[PDB]
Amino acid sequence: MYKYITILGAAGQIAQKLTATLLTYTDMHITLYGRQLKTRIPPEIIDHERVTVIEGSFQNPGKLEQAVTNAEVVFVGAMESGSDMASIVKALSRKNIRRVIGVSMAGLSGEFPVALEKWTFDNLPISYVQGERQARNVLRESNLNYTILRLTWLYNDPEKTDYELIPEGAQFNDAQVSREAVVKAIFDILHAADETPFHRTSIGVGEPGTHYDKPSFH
């Protein structure tokens, strides 16, 4: 259980859905961090009592440190850059913050079966994959109590909330997962009384029964 969460990369879709779910179903105090949030995030997610908004980029150490000051857990919505990741890890270090949950992409460790892997890496810019790899590596090299969530291909559907967790090293066969399902997974991890399964682990999140060669048109 946590009370104070800081969400980095707060304008991202999963980050916004997470914020809404935390406001509706918990008593958590939420600090949102990012560039021009008051204009990129809707009024129904921002004007609320338990939301504190701090504007800034990952290259503003002062603003970033303010945002994570007294956080009990930090959610990193986008792990796209080694540089951004190092800045985050440093800020957490300086403020004695230990617990972090971050979102990465499935596939980096060659865990997708052949066809899904080839389709995936032909439908992503190389620079994007490279940056995700570097961010992942920086976080793994830290001493943080991290949980990396390796997400397969995302889509939106409020009626799809089912997910399964795929341990590191296991073949990851699910070609898709809804953002709503990922948010449920994050919610459930935030409510885990025993954190051991999530302690410095990298866990795949997928929609059960989507063993396809590519994500569906859904």
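In this text, residue numbers run from 1 along the sequence as written.
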item	value
Between the two ranges 50-58 and 151-159, the one averaging a larger CA B factor in the entry	50-58
Residue range whose averaged C-alpha B-factor is higher in the record, 27-35 or 175-183	27-35
Candidate residues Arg140, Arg94, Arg99, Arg133, the one whose C-alpha B factor the record puts highest	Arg94
Peak C-alpha temperature factor (PDB record), options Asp188, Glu168, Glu164, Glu44	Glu44
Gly107, C-alpha B-factor rank within chain (lowest, middle or highest third)	lowest
For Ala78, the third of its chain into which the C-alpha B factor falls	middle
Within-chain third of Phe121 by Cα B-factor, per the entry	highest
Lowest, middle or highest third - CA B-factor, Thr210	middle
